[PDB]
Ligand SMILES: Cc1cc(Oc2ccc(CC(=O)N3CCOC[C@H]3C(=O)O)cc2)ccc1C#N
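Take a look at this one chain, the form solved without the ligand, written out in structure tokens.
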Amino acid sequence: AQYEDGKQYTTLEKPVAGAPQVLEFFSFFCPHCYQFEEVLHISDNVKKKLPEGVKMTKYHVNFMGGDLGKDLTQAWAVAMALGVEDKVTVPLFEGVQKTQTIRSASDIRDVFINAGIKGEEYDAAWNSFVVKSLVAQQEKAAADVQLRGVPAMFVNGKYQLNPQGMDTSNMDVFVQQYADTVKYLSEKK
């Protein structure tokens, strides 16, 4: 069996009309977070096999601390706004996985300002409409699907993949079976 409803992908009780063909949920606070966007390349590897029509969206979660985790979600919006993600992600990814000093919204600012995004430009971006539009759709993304386990993925807001328990001894089969679930999941309709 290769996907038997609940094995690799279970169905949601609340679908989201207009949802992205591949809603990706990940925070800068998980062990896979880094291994997903830095080593395994499972994020860049699936893009290689993403033909026009498969909307792969990557959103940030706000259920990983409550204090700065919520403002770190604002990080995904304030960064995607200035394209400073790649810049503040390195010091943010390494700051949450090899220090644990990233536990205050004020800390998220230290890394943001480290990329030259002074609180003046960062606050301006947030206060703007485009960054706010990504903040609204952000809190909505996790509020529409609800989100309940990082990393989490939702196809067209109707089928969620399930890394719920896959840490055996083959990152190979995971990257192949995973890329296969998204490849066919693009033909979900």
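So that there is no doubt, residue numbering starts at 1 and follows the sequence shown.
One more form of this protein exists, namely the form solved in complex with the ligand; it is left out here, but the text below deals with it.
In the modelled overlay, the ligand taken from its pose in the deposited complex has three or more atoms closer than 2.4 Å to backbone or C-beta atoms of this form, which marks the pocket as blocked. Contact check for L40, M171 and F174: all three have a heavy atom within 4.5 Å of the ligand in the deposited complex. Although the partner is absent from this view, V150 contacts the ligand in the deposited complex, with a non-hydrogen atom inside 4.5 angstroms. Put simply, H32 is close to the ligand in the deposited complex: some heavy atom of it is within 4.5 Å. In the deposited complex, the ligand lies within 4.5 Å of some heavy atom of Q164. The closest non-hydrogen atom of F36 lies within 4.5 Å of the ligand in the deposited complex.
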